[PDB]
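Colleague: There's a structure below that I have some questions on.
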Amino acid sequence: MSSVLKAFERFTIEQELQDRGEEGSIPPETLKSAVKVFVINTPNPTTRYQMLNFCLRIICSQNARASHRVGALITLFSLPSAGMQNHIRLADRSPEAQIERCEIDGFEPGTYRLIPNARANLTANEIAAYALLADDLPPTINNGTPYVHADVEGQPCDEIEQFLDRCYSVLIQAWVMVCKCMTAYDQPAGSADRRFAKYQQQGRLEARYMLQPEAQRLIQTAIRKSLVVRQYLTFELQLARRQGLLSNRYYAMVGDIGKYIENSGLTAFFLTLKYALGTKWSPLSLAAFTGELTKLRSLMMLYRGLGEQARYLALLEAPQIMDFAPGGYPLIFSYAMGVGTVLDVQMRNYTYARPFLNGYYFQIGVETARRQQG
RNA sequence: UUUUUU
């Protein structure tokens, strides 16, 4: 019946785009932790550099609460901006965020103890607790410092041009660790080494300021655990995507790495589109499954409806990422994995093994791909 | 649920 087939297409599309949600919707308020973010009002290379090392040591300190790491990360990401407070208002948007700004004037010489501003709220108990935190590095860390080179932390910065080199190298490493914090973690990574080689070749990253892999893994762990930090990083990525050809040294880097962070955790969706709708010889095979084709059409509609934030569904860890899971289109997923194993050597390394992977349509895709080739 | 490469 033509009416039932037309009705079913409409029903399928409606059921999938009914999950778009509200762009400005605010969830019901739930308890949240208080986060203390440290702000430098003026551009002091000495103070800024010190705060960079302080926050790197807080992020890696074993005796540090989740709130302490979250504040240290927000401060570390905000070190480049000329106005720290106005850049921290971006972090405040997070619905799970309750950030308190603390203005720091300096550090006591020869110590990690903070010197709070008159307006800034810092007790003598907190200052001592933070100083003890900044000196609690893990055993896996060598030379008593996060960096690979011992002399780097001790180096004195008296110019803005120096702090910028140090800061941008550290933040390049932090962003590369973001690249696979929610998807790949607690395992050896080849891509991370490749990104570092690329950015050292570009001259963006300096090997004199590399961190130890243990510190990089600790930074990745701290970023993955907090939703405030990951939402703030999506805000920074969207700021980097709005730029034109003319841009700053920092947001050019952030856009370059956002190219690699984009569409993480949606590999099955984009590989299915690529190898099932990309090849002109797939319509003849999958023409029969109209229901799954309508599903993929409604998913391409849902992706556009989500907006720019759709590229960072995995970083944001939003529920709409369950719509793009291949268990809702298993036959076409199977066919596309078959086609892609022939056409892409790199795809073989990817784990396409699923409980629901149809072996018949996998082999249909393999034989179709090879047939066209030979 | 994710898991490749760019």
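All residue names refer to the structure tokens as shown: chains lettered A, B, ... in order, residues numbered from 1 in each chain, ligands numbered from 1 in order.
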Taking only C-alpha atoms (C1' of nucleotides) into account, report as a PDB file with N, CA, C and O atoms, in the first residue's frame which residues of chain A lie within 8 Å of chain B.

Modeller:
```
ATOM      1  N   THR A 183      37.351   9.334  23.792  1.00  0.00           N
ATOM      2  CA  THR A 183      37.268   8.142  22.898  1.00  0.00           C
ATOM      3  C   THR A 183      38.364   7.108  23.190  1.00  0.00           C
ATOM      4  O   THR A 183      38.015   5.921  23.327  1.00  0.00           O
ATOM      5  N   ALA A 184      39.633   7.529  23.209  1.00  0.00           N
ATOM      6  CA  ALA A 184      40.757   6.603  23.487  1.00  0.00           C
ATOM      7  C   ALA A 184      41.544   7.111  24.701  1.00  0.00           C
ATOM      8  O   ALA A 184      41.949   8.290  24.693  1.00  0.00           O
ATOM      9  N   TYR A 260      40.988  17.931  14.180  1.00  0.00           N
ATOM     10  CA  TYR A 260      41.139  16.533  14.578  1.00  0.00           C
ATOM     11  C   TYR A 260      40.156  16.154  15.672  1.00  0.00           C
ATOM     12  O   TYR A 260      39.834  14.976  15.840  1.00  0.00           O
ATOM     13  N   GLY A 265      33.861   9.891  18.066  1.00  0.00           N
ATOM     14  CA  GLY A 265      32.838   8.971  18.603  1.00  0.00           C
ATOM     15  C   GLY A 265      31.691   8.726  17.636  1.00  0.00           C
ATOM     16  O   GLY A 265      30.752   8.005  18.018  1.00  0.00           O
ATOM     17  N   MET A 322      23.540   8.802  21.040  1.00  0.00           N
ATOM     18  CA  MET A 322      23.037   7.434  20.970  1.00  0.00           C
ATOM     19  C   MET A 322      22.181   7.219  19.733  1.00  0.00           C
ATOM     20  O   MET A 322      21.899   6.075  19.367  1.00  0.00           O
ATOM     21  N   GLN A 346      43.555   1.752   6.405  1.00  0.00           N
ATOM     22  CA  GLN A 346      43.485   2.323   7.779  1.00  0.00           C
ATOM     23  C   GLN A 346      42.238   1.828   8.523  1.00  0.00           C
ATOM     24  O   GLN A 346      42.308   1.708   9.760  1.00  0.00           O
ATOM     25  N   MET A 347      41.136   1.594   7.802  1.00  0.00           N
ATOM     26  CA  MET A 347      39.840   1.148   8.395  1.00  0.00           C
ATOM     27  C   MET A 347      39.952  -0.234   9.061  1.00  0.00           C
ATOM     28  O   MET A 347      39.153  -0.502   9.974  1.00  0.00           O
ATOM     29  N   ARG A 348      40.862  -1.093   8.587  1.00  0.00           N
ATOM     30  CA  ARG A 348      41.064  -2.459   9.141  1.00  0.00           C
ATOM     31  C   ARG A 348      41.457  -2.368  10.624  1.00  0.00           C
ATOM     32  O   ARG A 348      40.957  -3.191  11.412  1.00  0.00           O
ATOM     33  N   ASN A 349      42.292  -1.388  10.986  1.00  0.00           N
ATOM     34  CA  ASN A 349      42.740  -1.172  12.392  1.00  0.00           C
ATOM     35  C   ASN A 349      41.546  -0.838  13.297  1.00  0.00           C
ATOM     36  O   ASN A 349      41.606  -1.181  14.490  1.00  0.00           O
ATOM     37  N   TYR A 350      40.559  -0.106  12.772  1.00  0.00           N
ATOM     38  CA  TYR A 350      39.351   0.307  13.537  1.00  0.00           C
ATOM     39  C   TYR A 350      38.529  -0.918  13.965  1.00  0.00           C
ATOM     40  O   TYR A 350      38.362  -1.852  13.158  1.00  0.00           O
ATOM     41  N   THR A 351      37.998  -0.878  15.194  1.00  0.00           N
ATOM     42  CA  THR A 351      37.171  -1.940  15.764  1.00  0.00           C
ATOM     43  C   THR A 351      35.727  -1.771  15.291  1.00  0.00           C
ATOM     44  O   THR A 351      34.914  -1.061  15.884  1.00  0.00           O
TER      45      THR A 351
END
```

Colleague: Which neighbours of segment 21-25 of chain A fall inside 10 Å, counting only C-alpha atoms (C1' of nucleotides), when residues of the same chain fewer than 4 positions from it are skipped, and could you give them as an NGL selection string?

Modeller: :A and (17 or 305-307 or 309 or 320)

Colleague: Please extract the residues of segment 177-307 of chain A with a backbone DSSP assignment of helix (DSSP H, G or I) and present them as a JSON list (two decimals) with N, CA and C atoms, in the first residue's frame.

Modeller:
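And here is the file that came out, selection.json:
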```
[["chain", "number", "residue", "atom", "x", "y", "z"],
["A", 177, "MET", "N", 45.94, 16.23, 23.90],
["A", 177, "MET", "CA", 45.40, 15.23, 24.82],
["A", 177, "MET", "C", 43.87, 15.24, 24.82],
["A", 178, "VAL", "N", 43.26, 16.42, 24.65],
["A", 178, "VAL", "CA", 41.82, 16.49, 24.42],
["A", 178, "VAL", "C", 41.39, 15.68, 23.21],
["A", 190, "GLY", "N", 49.51, 6.37, 18.89],
["A", 190, "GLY", "CA", 50.45, 6.72, 17.80],
["A", 190, "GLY", "C", 50.14, 8.10, 17.25],
["A", 191, "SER", "N", 48.85, 8.41, 17.12],
["A", 191, "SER", "CA", 48.36, 9.70, 16.57],
["A", 191, "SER", "C", 48.88, 10.88, 17.39],
["A", 192, "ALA", "N", 48.92, 10.75, 18.72],
["A", 192, "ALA", "CA", 49.39, 11.85, 19.59],
["A", 192, "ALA", "C", 50.84, 12.20, 19.25],
["A", 193, "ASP", "N", 51.68, 11.18, 19.01],
["A", 193, "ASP", "CA", 53.11, 11.40, 18.65],
["A", 193, "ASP", "C", 53.18, 12.09, 17.28],
["A", 194, "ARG", "N", 52.29, 11.71, 16.36],
["A", 194, "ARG", "CA", 52.22, 12.29, 15.03],
["A", 194, "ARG", "C", 51.79, 13.76, 15.08],
["A", 195, "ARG", "N", 50.83, 14.08, 15.95],
["A", 195, "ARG", "CA", 50.41, 15.47, 16.11],
["A", 195, "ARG", "C", 51.54, 16.32, 16.68],
["A", 196, "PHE", "N", 52.28, 15.78, 17.64],
["A", 196, "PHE", "CA", 53.39, 16.52, 18.22],
["A", 196, "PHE", "C", 54.49, 16.75, 17.19],
["A", 197, "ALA", "N", 54.79, 15.74, 16.37],
["A", 197, "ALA", "CA", 55.75, 15.93, 15.29],
["A", 197, "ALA", "C", 55.29, 17.00, 14.31],
["A", 198, "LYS", "N", 54.00, 17.00, 13.98],
["A", 198, "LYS", "CA", 53.47, 18.01, 13.07],
["A", 198, "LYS", "C", 53.63, 19.42, 13.63],
["A", 199, "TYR", "N", 53.32, 19.60, 14.92],
["A", 199, "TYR", "CA", 53.33, 20.94, 15.49],
["A", 199, "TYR", "C", 54.75, 21.40, 15.82],
["A", 200, "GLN", "N", 55.66, 20.46, 16.05],
["A", 200, "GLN", "CA", 57.07, 20.83, 16.18],
["A", 200, "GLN", "C", 57.65, 21.20, 14.82],
["A", 201, "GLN", "N", 57.22, 20.53, 13.76],
["A", 201, "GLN", "CA", 57.66, 20.88, 12.42],
["A", 201, "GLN", "C", 57.13, 22.24, 12.00],
["A", 202, "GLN", "N", 55.87, 22.50, 12.34],
["A", 202, "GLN", "CA", 55.22, 23.81, 12.05],
["A", 202, "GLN", "C", 55.90, 24.90, 12.88],
["A", 207, "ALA", "N", 60.25, 21.55, 21.51],
["A", 207, "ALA", "CA", 60.58, 20.33, 22.22],
["A", 207, "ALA", "C", 61.27, 20.62, 23.55],
["A", 208, "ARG", "N", 61.76, 21.84, 23.74],
["A", 208, "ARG", "CA", 62.36, 22.21, 25.01],
["A", 208, "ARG", "C", 61.31, 22.27, 26.11],
["A", 209, "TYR", "N", 60.05, 22.48, 25.74],
["A", 209, "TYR", "CA", 58.95, 22.60, 26.68],
["A", 209, "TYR", "C", 57.98, 21.44, 26.60],
["A", 213, "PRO", "N", 55.20, 12.04, 29.37],
["A", 213, "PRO", "CA", 53.97, 11.29, 29.06],
["A", 213, "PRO", "C", 53.09, 10.99, 30.26],
["A", 214, "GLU", "N", 53.67, 10.86, 31.45],
["A", 214, "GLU", "CA", 52.85, 10.67, 32.65],
["A", 214, "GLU", "C", 52.03, 11.92, 32.95],
["A", 215, "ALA", "N", 52.64, 13.09, 32.79],
["A", 215, "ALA", "CA", 51.91, 14.33, 33.01],
["A", 215, "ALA", "C", 50.86, 14.56, 31.93],
["A", 216, "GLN", "N", 51.18, 14.18, 30.69],
["A", 216, "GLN", "CA", 50.19, 14.30, 29.62],
["A", 216, "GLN", "C", 49.01, 13.37, 29.86],
["A", 217, "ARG", "N", 49.27, 12.16, 30.35],
["A", 217, "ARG", "CA", 48.18, 11.25, 30.68],
["A", 217, "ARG", "C", 47.36, 11.77, 31.85],
["A", 218, "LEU", "N", 48.01, 12.40, 32.83],
["A", 218, "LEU", "CA", 47.27, 12.97, 33.96],
["A", 218, "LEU", "C", 46.40, 14.15, 33.51],
["A", 219, "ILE", "N", 46.91, 14.98, 32.60],
["A", 219, "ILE", "CA", 46.13, 16.08, 32.06],
["A", 219, "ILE", "C", 44.92, 15.56, 31.30],
["A", 220, "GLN", "N", 45.12, 14.52, 30.48],
["A", 220, "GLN", "CA", 44.02, 13.91, 29.75],
["A", 220, "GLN", "C", 42.97, 13.33, 30.70],
["A", 221, "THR", "N", 43.42, 12.70, 31.78],
["A", 221, "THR", "CA", 42.48, 12.16, 32.77],
["A", 221, "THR", "C", 41.69, 13.27, 33.45],
["A", 222, "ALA", "N", 42.35, 14.36, 33.81],
["A", 222, "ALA", "CA", 41.65, 15.47, 34.45],
["A", 222, "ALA", "C", 40.63, 16.09, 33.51],
["A", 223, "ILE", "N", 40.98, 16.23, 32.23],
["A", 223, "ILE", "CA", 40.05, 16.85, 31.24],
["A", 223, "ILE", "C", 38.81, 15.96, 31.03],
["A", 224, "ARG", "N", 39.01, 14.65, 30.93],
["A", 224, "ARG", "CA", 37.93, 13.66, 30.66],
["A", 224, "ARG", "C", 36.90, 13.62, 31.79],
["A", 225, "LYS", "N", 37.36, 13.66, 33.04],
["A", 225, "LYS", "CA", 36.49, 13.57, 34.25],
["A", 225, "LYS", "C", 35.53, 14.76, 34.40],
["A", 227, "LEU", "N", 33.00, 17.81, 33.20],
["A", 227, "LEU", "CA", 32.11, 18.28, 32.15],
["A", 227, "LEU", "C", 32.18, 19.80, 32.01],
["A", 228, "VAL", "N", 32.51, 20.50, 33.09],
["A", 228, "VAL", "CA", 32.71, 21.94, 33.00],
["A", 228, "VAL", "C", 33.88, 22.26, 32.08],
["A", 229, "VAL", "N", 34.98, 21.53, 32.22],
["A", 229, "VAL", "CA", 36.16, 21.79, 31.40],
["A", 229, "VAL", "C", 35.89, 21.44, 29.95],
["A", 230, "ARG", "N", 35.16, 20.35, 29.71],
["A", 230, "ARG", "CA", 34.92, 19.92, 28.33],
["A", 230, "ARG", "C", 33.92, 20.83, 27.63],
["A", 231, "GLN", "N", 32.93, 21.34, 28.36],
["A", 231, "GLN", "CA", 32.02, 22.33, 27.78],
["A", 231, "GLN", "C", 32.75, 23.63, 27.49],
["A", 232, "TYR", "N", 33.62, 24.06, 28.40],
["A", 232, "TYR", "CA", 34.44, 25.25, 28.16],
["A", 232, "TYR", "C", 35.34, 25.08, 26.94],
["A", 233, "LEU", "N", 35.89, 23.88, 26.75],
["A", 233, "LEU", "CA", 36.73, 23.63, 25.59],
["A", 233, "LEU", "C", 35.92, 23.63, 24.30],
["A", 234, "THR", "N", 34.67, 23.15, 24.34],
["A", 234, "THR", "CA", 33.82, 23.28, 23.16],
["A", 234, "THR", "C", 33.53, 24.75, 22.85],
["A", 235, "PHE", "N", 33.37, 25.58, 23.88],
["A", 235, "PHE", "CA", 33.20, 27.02, 23.64],
["A", 235, "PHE", "C", 34.43, 27.62, 22.96],
["A", 236, "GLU", "N", 35.62, 27.26, 23.43],
["A", 236, "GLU", "CA", 36.84, 27.75, 22.80],
["A", 236, "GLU", "C", 36.98, 27.24, 21.36],
["A", 237, "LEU", "N", 36.61, 25.99, 21.11],
["A", 237, "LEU", "CA", 36.66, 25.44, 19.76],
["A", 237, "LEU", "C", 35.72, 26.18, 18.82],
["A", 238, "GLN", "N", 34.54, 26.55, 19.32],
["A", 238, "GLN", "CA", 33.60, 27.28, 18.48],
["A", 238, "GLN", "C", 34.07, 28.71, 18.24],
["A", 239, "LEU", "N", 34.72, 29.32, 19.22],
["A", 239, "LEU", "CA", 35.36, 30.61, 18.99],
["A", 239, "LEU", "C", 36.43, 30.50, 17.91],
["A", 240, "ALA", "N", 37.18, 29.40, 17.91],
["A", 240, "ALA", "CA", 38.23, 29.23, 16.91],
["A", 240, "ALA", "C", 37.65, 28.96, 15.52],
["A", 241, "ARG", "N", 36.44, 28.41, 15.46],
["A", 241, "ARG", "CA", 35.84, 28.10, 14.17],
["A", 241, "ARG", "C", 35.21, 29.32, 13.51],
["A", 249, "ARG", "N", 47.80, 33.84, 17.02],
["A", 249, "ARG", "CA", 48.68, 32.68, 17.09],
["A", 249, "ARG", "C", 48.03, 31.55, 17.87],
["A", 250, "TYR", "N", 47.17, 31.88, 18.84],
["A", 250, "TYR", "CA", 46.55, 30.86, 19.69],
["A", 250, "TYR", "C", 45.34, 30.22, 19.01],
["A", 251, "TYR", "N", 44.44, 31.04, 18.46],
["A", 251, "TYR", "CA", 43.20, 30.49, 17.93],
["A", 251, "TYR", "C", 43.42, 29.84, 16.56],
["A", 252, "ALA", "N", 44.51, 30.18, 15.89],
["A", 252, "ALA", "CA", 44.91, 29.42, 14.71],
["A", 252, "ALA", "C", 45.29, 27.99, 15.09],
["A", 253, "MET", "N", 46.06, 27.83, 16.17],
["A", 253, "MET", "CA", 46.37, 26.50, 16.69],
["A", 253, "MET", "C", 45.11, 25.76, 17.11],
["A", 254, "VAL", "N", 44.22, 26.44, 17.83],
["A", 254, "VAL", "CA", 43.03, 25.78, 18.34],
["A", 254, "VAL", "C", 42.13, 25.33, 17.19],
["A", 255, "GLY", "N", 42.05, 26.11, 16.11],
["A", 255, "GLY", "CA", 41.31, 25.65, 14.95],
["A", 255, "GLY", "C", 41.96, 24.47, 14.26],
["A", 256, "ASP", "N", 43.29, 24.51, 14.15],
["A", 256, "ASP", "CA", 44.02, 23.39, 13.56],
["A", 256, "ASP", "C", 43.76, 22.09, 14.32],
["A", 257, "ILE", "N", 43.75, 22.14, 15.65],
["A", 257, "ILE", "CA", 43.54, 20.91, 16.41],
["A", 257, "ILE", "C", 42.06, 20.54, 16.46],
["A", 258, "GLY", "N", 41.18, 21.54, 16.40],
["A", 258, "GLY", "CA", 39.77, 21.26, 16.35],
["A", 258, "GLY", "C", 39.38, 20.51, 15.09],
["A", 259, "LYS", "N", 40.19, 20.63, 14.04],
["A", 259, "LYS", "CA", 40.01, 19.77, 12.88],
["A", 259, "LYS", "C", 40.09, 18.29, 13.26],
["A", 260, "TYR", "N", 40.99, 17.93, 14.18],
["A", 260, "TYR", "CA", 41.14, 16.53, 14.58],
["A", 260, "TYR", "C", 40.16, 16.15, 15.67],
["A", 261, "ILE", "N", 39.70, 17.13, 16.45],
["A", 261, "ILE", "CA", 38.78, 16.81, 17.54],
["A", 261, "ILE", "C", 37.36, 16.60, 17.01],
["A", 267, "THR", "N", 32.47, 7.75, 14.41],
["A", 267, "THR", "CA", 33.22, 7.06, 13.32],
["A", 267, "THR", "C", 32.30, 6.12, 12.54],
["A", 268, "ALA", "N", 31.43, 5.36, 13.21],
["A", 268, "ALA", "CA", 30.56, 4.44, 12.49],
["A", 268, "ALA", "C", 29.59, 5.19, 11.59],
["A", 269, "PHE", "N", 29.08, 6.33, 12.05],
["A", 269, "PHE", "CA", 28.11, 7.09, 11.26],
["A", 269, "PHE", "C", 28.74, 7.65, 10.00],
["A", 270, "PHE", "N", 29.90, 8.28, 10.13],
["A", 270, "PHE", "CA", 30.51, 8.94, 8.99],
["A", 270, "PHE", "C", 31.16, 7.93, 8.05],
["A", 271, "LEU", "N", 31.64, 6.81, 8.59],
["A", 271, "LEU", "CA", 32.15, 5.73, 7.75],
["A", 271, "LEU", "C", 31.02, 5.03, 7.00],
["A", 272, "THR", "N", 29.85, 4.90, 7.63],
["A", 272, "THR", "CA", 28.70, 4.34, 6.95],
["A", 272, "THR", "C", 28.24, 5.25, 5.82],
["A", 273, "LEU", "N", 28.09, 6.54, 6.08],
["A", 273, "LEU", "CA", 27.76, 7.47, 5.00],
["A", 273, "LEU", "C", 28.80, 7.41, 3.89],
["A", 274, "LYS", "N", 30.08, 7.36, 4.26],
["A", 274, "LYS", "CA", 31.17, 7.40, 3.29],
["A", 274, "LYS", "C", 31.17, 6.18, 2.38],
["A", 275, "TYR", "N", 31.03, 4.98, 2.93],
["A", 275, "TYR", "CA", 31.18, 3.78, 2.14],
["A", 275, "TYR", "C", 29.87, 3.13, 1.72],
["A", 276, "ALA", "N", 28.73, 3.68, 2.12],
["A", 276, "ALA", "CA", 27.44, 3.20, 1.63],
["A", 276, "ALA", "C", 26.78, 4.21, 0.71],
["A", 277, "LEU", "N", 26.98, 5.51, 0.94],
["A", 277, "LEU", "CA", 26.38, 6.51, 0.06],
["A", 277, "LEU", "C", 27.42, 7.18, -0.81],
["A", 283, "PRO", "N", 23.89, 1.57, -4.12],
["A", 283, "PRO", "CA", 22.43, 1.69, -4.21],
["A", 283, "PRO", "C", 21.77, 0.39, -4.68],
["A", 284, "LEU", "N", 22.40, -0.30, -5.64],
["A", 284, "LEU", "CA", 21.88, -1.57, -6.21],
["A", 284, "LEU", "C", 21.75, -2.62, -5.11],
["A", 285, "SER", "N", 22.73, -2.68, -4.20],
["A", 285, "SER", "CA", 22.74, -3.68, -3.10],
["A", 285, "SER", "C", 21.78, -3.28, -1.97],
["A", 286, "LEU", "N", 21.88, -2.05, -1.47],
["A", 286, "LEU", "CA", 21.06, -1.59, -0.32],
["A", 286, "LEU", "C", 19.72, -0.97, -0.76],
["A", 290, "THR", "N", 14.86, 0.26, 2.49],
["A", 290, "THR", "CA", 14.34, 1.66, 2.49],
["A", 290, "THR", "C", 14.28, 2.20, 3.93],
["A", 291, "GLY", "N", 13.95, 1.33, 4.89],
["A", 291, "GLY", "CA", 13.82, 1.73, 6.31],
["A", 291, "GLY", "C", 15.13, 2.25, 6.90],
["A", 292, "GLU", "N", 16.25, 1.59, 6.59],
["A", 292, "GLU", "CA", 17.55, 2.02, 7.10],
["A", 292, "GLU", "C", 18.08, 3.23, 6.34],
["A", 293, "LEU", "N", 17.76, 3.33, 5.05],
["A", 293, "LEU", "CA", 18.10, 4.53, 4.30],
["A", 293, "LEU", "C", 17.35, 5.74, 4.82],
["A", 294, "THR", "N", 16.07, 5.57, 5.15],
["A", 294, "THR", "CA", 15.32, 6.66, 5.77],
["A", 294, "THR", "C", 15.87, 7.01, 7.14],
["A", 295, "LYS", "N", 16.35, 6.00, 7.88],
["A", 295, "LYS", "CA", 17.01, 6.26, 9.16],
["A", 295, "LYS", "C", 18.25, 7.13, 8.98],
["A", 296, "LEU", "N", 19.09, 6.81, 8.00],
["A", 296, "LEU", "CA", 20.29, 7.60, 7.77],
["A", 296, "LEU", "C", 19.95, 9.00, 7.28],
["A", 297, "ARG", "N", 18.89, 9.13, 6.49],
["A", 297, "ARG", "CA", 18.44, 10.46, 6.06],
["A", 297, "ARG", "C", 17.97, 11.29, 7.25],
["A", 298, "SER", "N", 17.18, 10.69, 8.14],
["A", 298, "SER", "CA", 16.74, 11.40, 9.34],
["A", 298, "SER", "C", 17.90, 11.72, 10.27],
["A", 299, "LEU", "N", 18.96, 10.91, 10.24],
["A", 299, "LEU", "CA", 20.13, 11.21, 11.07],
["A", 299, "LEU", "C", 20.96, 12.35, 10.49],
["A", 300, "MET", "N", 21.04, 12.44, 9.17],
["A", 300, "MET", "CA", 21.69, 13.59, 8.55],
["A", 300, "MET", "C", 20.89, 14.86, 8.77],
["A", 301, "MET", "N", 19.56, 14.73, 8.89],
["A", 301, "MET", "CA", 18.75, 15.88, 9.27],
["A", 301, "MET", "C", 18.96, 16.26, 10.73],
["A", 302, "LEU", "N", 19.06, 15.27, 11.61],
["A", 302, "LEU", "CA", 19.27, 15.55, 13.02],
["A", 302, "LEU", "C", 20.61, 16.21, 13.26],
["A", 303, "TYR", "N", 21.64, 15.80, 12.51],
["A", 303, "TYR", "CA", 22.96, 16.40, 12.67],
["A", 303, "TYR", "C", 22.94, 17.89, 12.32],
["A", 304, "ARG", "N", 22.26, 18.25, 11.24],
["A", 304, "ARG", "CA", 22.15, 19.66, 10.88],
["A", 304, "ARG", "C", 21.30, 20.42, 11.89],
["A", 305, "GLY", "N", 20.28, 19.77, 12.44],
["A", 305, "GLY", "CA", 19.41, 20.44, 13.39],
["A", 305, "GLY", "C", 20.11, 20.78, 14.70],
["A", 306, "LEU", "N", 21.11, 19.96, 15.04],
["A", 306, "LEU", "CA", 21.92, 20.12, 16.28],
["A", 306, "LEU", "C", 22.73, 21.42, 16.24]]
```

Colleague: As number ranges by chain, list the residues of segment 65-167 of chain A assigned to strand (DSSP E) by DSSP on the backbone atoms of this structure.

Modeller: A: 99-107, 114-116

Colleague: Please compute the atom CA of residue 49 of chain A-atom CA of residue 108 of chain A distance, one decimal, in Å.

Modeller: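 Atom-to-atom, atom CA of residue 49 of chain A to atom CA of residue 108 of chain A, that is 13.8 Å.
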
Colleague: Can you work out the spacing between atom CA of residue 243 of chain A and atom CA of residue 78 of chain A in Å, to one decimal?

Modeller: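 If I compute the distance from atom CA of residue 243 of chain A to atom CA of residue 78 of chain A, I get 18.5 Å.
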
Colleague: What's the separation between atom CA of residue 135 of chain A and atom CA of residue 112 of chain A, in Å to one decimal place?

Modeller: 8.1 Å

Colleague: For residue 343 of chain A, work out the shell of residues within 10 Å, counting only C-alpha atoms (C1' of nucleotides) and skipping chain neighbours fewer than 4 positions away, then give it as a VMD selection string.

Modeller: chain A and resid 275 337 to 339 347 to 348 366 369 to 370 373
